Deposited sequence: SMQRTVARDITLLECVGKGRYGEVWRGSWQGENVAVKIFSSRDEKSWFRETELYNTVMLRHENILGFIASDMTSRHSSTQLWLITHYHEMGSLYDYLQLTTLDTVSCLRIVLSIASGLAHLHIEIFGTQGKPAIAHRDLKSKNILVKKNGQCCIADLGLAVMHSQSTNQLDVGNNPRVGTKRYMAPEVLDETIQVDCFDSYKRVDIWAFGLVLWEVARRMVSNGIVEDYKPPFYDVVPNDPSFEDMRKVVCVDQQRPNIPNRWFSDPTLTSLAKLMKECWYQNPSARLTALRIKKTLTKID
């Protein structure tokens, strides 16, 4: 009745971590990305697969799902997640060697806010509400059209042993006051992380011939691979937030972005902006 071509050619490894590996692959001419999970991180494959079996997300700013594959081997199980392939790589990668103008900076951050609001908001008929729980510049891909998409739903929570990246954890995560039975708590953790990403991008926007070098959030106050305690002392005890450079206050776009990131960083989670309010504010800038 029909051939089911499942052969995927793995062409090039574009990522190797504790999570496993990501490969550029080829299926029937078409480029795909293949994430091969470490045994260490099998539950991330299970959770992303469980979510996509619940709701087939389709959004321009969400990394496009193609397939979840489990294959029996000699004495192990092999777990692959297959997605769209974005050749320009992660936003983290992209910001290292690219500077931005006003239009590209706004297009990047509004596309992220768009993907995040899509995750957050319940649609009746639709989709459950979803919080990401590990938003960061390495989990955002740059598309050829200048918009981004959000990747990695391995920690996602839905409403109707992995933890987040410590550098991006909100204060209520670090001080363990987060209300774990409350879905809105998880949206507010994502908004904190979004504000840090907005800071990382805004630094690379040129104004009056000036730009900042790429740095990760809190680069000046914590070590590489900061401990939970290192982060708690900065974010909770001292209540530090990323520096806004003086040069931003000469530029109307960066002045508006600095205000937006402040309103993502309130100690009180319920004071933080919503993803929908961030979108509206971004559409009114420039």
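Undergrad: As a test: can you identify every run of the deposited sequence that has no C-alpha position in this structure, in order?
TA: According to the record, the gaps fall at 1-2, 128-129, 165-175.
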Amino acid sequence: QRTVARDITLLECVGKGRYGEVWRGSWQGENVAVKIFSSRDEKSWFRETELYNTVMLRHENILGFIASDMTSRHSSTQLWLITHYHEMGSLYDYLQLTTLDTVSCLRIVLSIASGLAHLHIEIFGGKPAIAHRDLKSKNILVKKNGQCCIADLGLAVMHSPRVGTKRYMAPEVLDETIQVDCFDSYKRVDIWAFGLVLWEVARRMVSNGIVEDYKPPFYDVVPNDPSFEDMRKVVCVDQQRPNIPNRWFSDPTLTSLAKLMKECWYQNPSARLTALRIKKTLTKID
From here on, numbers count along this sequence of modelled residues.
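Rigid core here is just the name for the largest C-alpha set that superposes within 1.5 Å across the two forms.
Undergrad: Overlaying the structures in 6 other deposited structures of this protein on the rigid core, point out which of 25-33 and 234-242 has the bigger RMS C-alpha shift.
TA: Looking at 25-33 versus 234-242 in 6 other deposited structures of this protein, the farther one turns out to be 25-33.
Undergrad: Using the rigid core for superposition, please say which stretch has the greater CA deviation in 6 other deposited structures of this protein, 151-159 or 76-84.
TA: It is 76-84 that deviates more in 6 other deposited structures of this protein.
Undergrad: Out of 92-100 and 144-152, which stretch has the higher average CA B-factor listed in the record?
TA: Result: 92-100.
Undergrad: Where do the C-alpha atoms have the higher mean temperature factor in this entry, in 83-91 or in 174-182?
TA: If you average the C-alpha B-factors of 83-91 and of 174-182, the larger mean comes out for 174-182.
Undergrad: Could you tell me which one of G115, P216, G125, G195 shows the highest CA temperature factor in the PDB record?
TA: Highest C-alpha B-factor among the listed residues goes to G125.
Undergrad: According to the Cα B-factor stored in this entry, which of the following is highest: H74, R188, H120, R107?
TA: Within the set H74, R188, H120, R107, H74 shows the top C-alpha B-factor.
Undergrad: Which third of the chain holds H132 when residues are ordered by C-alpha B factor: lowest, middle or highest?
TA: Its C-alpha B-factor, which the entry lists for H132, ranks in the lowest third among residues of this chain.
Undergrad: Taking the values exactly as deposited, rank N139 by C-alpha B-factor within its chain and report the matching third: lowest, middle or highest.
TA: For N139, whose C-alpha B-factor we compare with every modelled residue in the chain, the answer is the lowest third.
Undergrad: Taking the entry's C-alpha B-factors for this chain, is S207 in the lowest, middle or highest third?
TA: Within its chain, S207 is a middle-third residue by C-alpha B-factor, going by the deposited values.
Undergrad: Sorting the chain's CA B-factors, does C13 end up in the lowest, middle or highest third?
TA: Answer is highest: the recorded C-alpha B-factor places it there.
Undergrad: Would the CA B-factor of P245 place it in the lowest, middle or highest third of its chain?
TA: As the PDB entry reports it, the C-alpha B-factor of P245 lands in the middle third of its chain.
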